[PDB]
Amino acid sequence: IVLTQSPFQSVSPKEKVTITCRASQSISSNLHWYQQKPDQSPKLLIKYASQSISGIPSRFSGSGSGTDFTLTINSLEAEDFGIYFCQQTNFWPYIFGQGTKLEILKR
Amino acid sequence: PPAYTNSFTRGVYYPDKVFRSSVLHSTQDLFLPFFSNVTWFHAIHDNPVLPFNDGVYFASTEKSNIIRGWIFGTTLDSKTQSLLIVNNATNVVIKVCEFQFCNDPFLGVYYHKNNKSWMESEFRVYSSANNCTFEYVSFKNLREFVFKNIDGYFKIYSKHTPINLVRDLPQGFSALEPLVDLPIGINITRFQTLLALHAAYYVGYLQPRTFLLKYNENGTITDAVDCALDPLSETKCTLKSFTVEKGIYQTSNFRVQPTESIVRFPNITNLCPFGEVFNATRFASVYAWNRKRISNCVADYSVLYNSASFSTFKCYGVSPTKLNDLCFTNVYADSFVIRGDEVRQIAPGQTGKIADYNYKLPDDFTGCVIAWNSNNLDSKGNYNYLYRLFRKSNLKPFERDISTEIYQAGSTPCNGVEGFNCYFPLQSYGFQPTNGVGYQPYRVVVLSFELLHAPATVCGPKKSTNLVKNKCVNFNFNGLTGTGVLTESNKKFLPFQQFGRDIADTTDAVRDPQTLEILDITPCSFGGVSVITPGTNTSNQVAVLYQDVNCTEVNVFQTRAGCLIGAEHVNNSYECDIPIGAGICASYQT
Amino acid sequence: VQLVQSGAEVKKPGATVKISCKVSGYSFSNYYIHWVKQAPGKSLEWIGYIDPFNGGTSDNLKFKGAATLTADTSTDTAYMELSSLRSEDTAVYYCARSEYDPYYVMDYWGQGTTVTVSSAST
Ligand SMILES: *[C@@H]1O[C@H](CO)[C@@H](O[C@@H]2O[C@H](CO)[C@@H](O)[C@H](O)[C@H]2NC(C)=O)[C@H](O)[C@H]1NC(C)=O
Ligand SMILES: *[C@@H]1O[C@H](CO)[C@@H](O)[C@H](O)[C@H]1NC(C)=O
Ligand SMILES: *[C@@H]1O[C@H](CO)[C@@H](O)[C@H](O)[C@H]1NC(C)=O
Ligand SMILES: *[C@@H]1O[C@H](CO)[C@@H](O)[C@H](O)[C@H]1NC(C)=O
Ligand SMILES: *[C@@H]1O[C@H](CO)[C@@H](O)[C@H](O)[C@H]1NC(C)=O
Ligand SMILES: *[C@@H]1O[C@H](CO)[C@@H](O)[C@H](O)[C@H]1NC(C)=O
Ligand SMILES: *[C@@H]1O[C@H](CO)[C@@H](O)[C@H](O)[C@H]1NC(C)=O
Ligand SMILES: *[C@@H]1O[C@H](CO)[C@@H](O)[C@H](O)[C@H]1NC(C)=O
Ligand SMILES: *[C@@H]1O[C@H](CO)[C@@H](O)[C@H](O)[C@H]1NC(C)=O
């Protein structure tokens, strides 16, 4: 009941990135995505893995298939990238992604 | 860097105001032991803040009379009191006044004019005074000043003696009358001397030694002997004598201290079956919940570490590491299946469908509510799962409502058939194998217990250490305690027999509760300590004899008598002199 | 909307830190509070959830501080007492607003509380 993320993803502006949340054995169709800016409280991007809390960019999407839950960003901005987290739901305590620092090139 | 040196005999002081004469008089009183190290200082190119400890020795070698000051206390924050002492132009000037202190408080010396050193009014020791609870006013040489705080009393003693040694504390004995007592009431954990700046001095620390004084006819302490210094001086405290004449005196005893401890509790300590609660194949539904007794056993939470675990874990009463640290009484882990959102609805003070109707828990319940998805299993089409959608009150604590009775909406009796607003109150959850996170059933479990106050049924796993042998240890086995040397023993204990014992009715063998084996026990050591001496008239050399031990736990000669330390076995055999034991007669000569 | 934490706590290892999560901007009794630990340069780590109406402590054990989450309903402030402190507990402790029911979301949090657990004094 522990979930797996890719530690890093580097992409370019406008290009599509997908960061995976890979949970061991069973998974729960709810998941929660978090963008942690450096030295700042992570902020929930995606709720029940299908939903954004209000005000969050339309480029921020989430999903899951099998045991994986994706953090999918379309058309990045160099303002956008940050450390990304997914939170396990149920199965006793919510096991947060190891974190993924997103880099955006082209600067 | 502190340059130590050898206290020798200094630091004895009239412990009281009593007079005596020619009378060796034991006393047990904080002193500076003999031959201890003293932390020696200088004045060159030197007055750090030191611990006050219990008390302090002190000295200085003054041809120049420079070391004039003392500042004691704890914080030294000017808020508490601090002693101050200044010895200037023969006029002693003393204060407990409160004031705040310099980086380097001191007195000044402007070298060599009409006023030698001048700078009496240097007086940068400190900021300024604040509150005053007292006042008083008044290498050749040596000033020895003992300071100690007991019962509102700081206390001083002193001697002013001529010497000539540049290096160190002269070796010779004189002891310290009191000058003063100050009924101040400060607490003092630290202190600092103070100086006249343009000279050695020392520090000891007082310890609760017991000395043997010797007063003289005039009543002046002319000598002393530390008891604990060394065997010959453990004797002289026995006899109350300085002369110790030939033969074997028995001073003291020696009990080998235990290694650590051994706690040992029967392996497995049985078990508490939360699985057949949690991993039970067919749960009773939420609407009728299991209540399952678990007893004489040990908090089993170590099965609950490895699994997909539980969509939530909430157990109310006490810390989850008091699961396994704290025993419980009436333990009912409640086996049932609830719909997903209904974990809220299982909790004290819940308004809700589960709570108010089919599964209701107390406000006083100490224990669990735990969720996990059974959509992965319990889902089908299963309409056997059911719930009480409506009921006319809340269930009493841990009570269930089994009613298949008609829910009667109007005063028109339904009489066991359906009609206008004729309801069967219980209803079912259709489980749709496409169920989502809101629609998934959660099997949910609840541990009933009192907390404490009734016997341990589910207990905590109790920590059983490992086992050590041939080595003195404290121990506990199964609540049997004692302290011994646990060895390997052929003592064939009976299958159900726990202890052994012995004619004297003293625990002897035991059997290791976990792994079943016959351990002896054995007392620790004892032995007296006898001090063989040729009369002090001849030597100061003593040979201790540890009676009745094997020579480890202590030029050592193991005897039939005991472990003899400090004498030289001799194949030759001469007439008996200081008979020891078993035919072993010590004697002094080459 | 507002979760304000007690400032950084520097302890010796083995000592105790208790940290206040002060609610404002919403209803305290209608929301559990998640307590989230981020070890410096390390991932998000969730120590437990609490209930406003009750003793709703769950504890992810893993690192064990004998922790208990106490919520002060008058001041709407959930405390996290983290005892048996270790140099690895050194981290930024977030408290996170949780739903009062199963949907576990932390939308809004405290500001985080660094705790430096060391024999090194400040
Ligand atoms: C001795 O003086 C000190 C002032 O420094 C006091 O000692 C402190 O006492 C508190 C207890 O409330 C301890 O927690 C501190 O650690 C102590 N400080 C030190 C440096 O040890 C104490 O109040 C005084 N003793 C008496 C009997 O008054
Ligand atoms: C004094 O201290 C020195 C270390 O500087 C140590 O070698 C010596 O044994 C000490 N003497 C006594 C009597 O403790
Ligand atoms: C010594 O110092 C004290 C400080 O209070 C001062 O009052 C006094 O005049 C000085 N001189 C003598 C001789 O005491
Ligand atoms: C006591 O002091 C007097 C002073 O002269 C001296 O005659 C006498 O011998 C002293 N006796 C002792 C035991 O100190
Ligand atoms: C305790 O565990 C050890 C493990 O090897 C086993 O040999 C021993 O028999 C066990 N004893 C009991 C009473 O469970
Ligand atoms: C239940 O069975 C699972 C097997 O998947 C196991 O991991 C877990 O420890 C068991 N727990 C209980 C309480 O039976
Ligand atoms: C023992 O020494 C004392 C002095 O300490 C002396 O008076 C006595 O004569 C000595 N004993 C013998 C037998 O010489
Ligand atoms: C003394 O102790 C040694 C261990 O150093 C042991 O081998 C020997 O049997 C013991 N003998 C006696 C007489 O105690
Ligand atoms: C006595 O003589 C024997 C040799 O036969 C030797 O082994 C032993 O060490 C001698 N005794 C002492 C105390 O040296």
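Going by Swiss-Prot, the residues shown for chain B are 25-69, 80-172, 186-245, 263-444, 447-620, 641-676, listed in order.
For this deposited structure, the header notes the method as electron microscopy, 3.6 Å.
Cβ coordinates are placed from backbone N, Cα and C, and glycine is handled just like the others.
Positions annotated as disulfide bond by Swiss-Prot: B:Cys131-B:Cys166, B:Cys291-B:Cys301, B:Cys336-B:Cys361, B:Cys379-B:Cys432, B:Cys391-B:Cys525, B:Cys480-B:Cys488, B:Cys538-B:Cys590, B:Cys617-B:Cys649, B:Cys662-B:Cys671. Residues annotated as N-linked glycosylation site in Swiss-Prot, with experimental evidence given as evidence: B:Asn61, B:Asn122, B:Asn149, B:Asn165, B:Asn234, B:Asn331, B:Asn343, B:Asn603, B:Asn616, B:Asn657 (among others). Marked as O-linked glycosylation site by Swiss-Prot: B:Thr323, B:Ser325 (among others). Sequence annotations record features per position, and here Swiss-Prot assigns region 'Disordered' to B:142-164, B:319-335, B:455-490, B:519-541 based on a curator's inference. Swiss-Prot lists B:280-301 with the feature region 'Putative superantigen'.
Swiss-Prot feature annotations superimposed on the structure.
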residue	record	contacts (Cβ under 8 Å, 6+ apart)
B:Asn122	N-linked glycosylation site	B:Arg102, B:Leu141, B:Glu154
B:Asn149	N-linked glycosylation site	none
B:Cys361	disulfide bond	B:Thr333, B:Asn334, B:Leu335, B:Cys336, B:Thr523, B:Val524, B:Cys525
B:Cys379	disulfide bond	B:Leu387, B:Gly431, B:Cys432, B:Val433, B:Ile434, B:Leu513
B:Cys391	disulfide bond	B:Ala363, B:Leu518, B:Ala522, B:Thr523, B:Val524, B:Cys525, B:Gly526
B:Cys480	disulfide bond	B:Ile472, B:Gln474, B:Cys488
B:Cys538	disulfide bond	B:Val320, B:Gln321, B:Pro322, B:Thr323, B:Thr549, B:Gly550, B:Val551, B:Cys590, B:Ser591, B:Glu619
B:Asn603	N-linked glycosylation site	B:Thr307, B:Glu309
B:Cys617	disulfide bond	B:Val642, B:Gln644, B:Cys649, B:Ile651
_Which residues of the chain, 6 or more past the ends of the region 'Disordered' (B:319-335), have a CB below 8 A from one of its CBs?_
360-362, 364, 525, 527-534, 537-544, 549, 552, 578-581, 590-592, 619
*asked:* Quick check on the disulfide-bonded residues B:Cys131, B:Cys166, B:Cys291, B:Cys432, B:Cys525: which one has the highest count of other Cβ atoms within 10 Å of its Cβ?
replied: B:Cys432
*In sequence order, those recorded positions of B:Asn122, B:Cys336, B:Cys361, B:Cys538 whose CB lies under 6 Å from ligand 3*: B:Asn122
*So for B:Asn61 (N-linked glycosylation site), how many other CB atoms are inside 10 Å of its CB?*
12
_Taking ligand 1 as the reference and 6 angstroms as the Cβ limit (strictly under), which recorded positions among B:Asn234, B:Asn331, B:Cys336, B:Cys480, B:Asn657 are close?_
B:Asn234
*Among the recorded positions B:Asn165, B:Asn234, B:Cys291, B:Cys538, B:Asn616, name every one whose Cβ is found under 6 angstroms from ligand 7, counting any of its atoms.*
none
*Filter the candidate list B:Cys166, B:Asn331, B:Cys336, B:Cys488 of recorded positions, keeping only entries whose CB is under 6 Å from an atom of ligand 5.*
B:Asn331
*Summarise the region 'Disordered' (B:142-164) by DSSP state, stating how many residues are helix, strand and coil.*
0 helix, 7 strand, 16 coil
_Within a 10 Å radius of its Cβ, which of these disulfide-bonded residues (B:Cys336, B:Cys488, B:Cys649, B:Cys662) has the fewest neighbouring Cβ atoms?_
B:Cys662
*Give residue numbers and ranges for long-range contacts of the region 'Disordered' (B:142-164): same chain, 6 or more residues beyond its ends, CB-CB under 8 A.*
103, 105, 112-113, 118, 122-123, 129, 131-136, 241, 243-245
*Local Cβ density at B:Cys671 (disulfide bond) - other Cβ atoms counted within 10 Å*: 15
*With DSSP as the reference, give the number of residues of the region 'Putative superantigen' (B:280-301) in helix, strand and coil.*
7 helix, 6 strand, 9 coil
*Could you give the number of helix, strand and coil residues in the region 'Disordered' (B:455-490) as assigned by DSSP?*
0 helix, 4 strand, 32 coil
_Among B:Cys301, B:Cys590 [disulfide-bonded residues], residue with fewest other Cβ within 10 Å_ = B:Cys590
*Enter the number of other CB atoms within 10 angstroms of the CB of B:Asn343 (N-linked glycosylation site).*
12
*Kindly point out which of the recorded positions B:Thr323, B:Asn343, B:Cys379, B:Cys590, B:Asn657 have a C-beta less than 6 Å from some atom of ligand 9.*
B:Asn657
*Please work out the helix, strand and coil residue numbers for the region 'Disordered' (B:319-335) from the DSSP assignment.*
0 helix, 2 strand, 15 coil
*Give the residue counts of the region 'Disordered' (B:519-541) per reduced DSSP state, in the order helix, strand, coil.*
0 helix, 6 strand, 17 coil
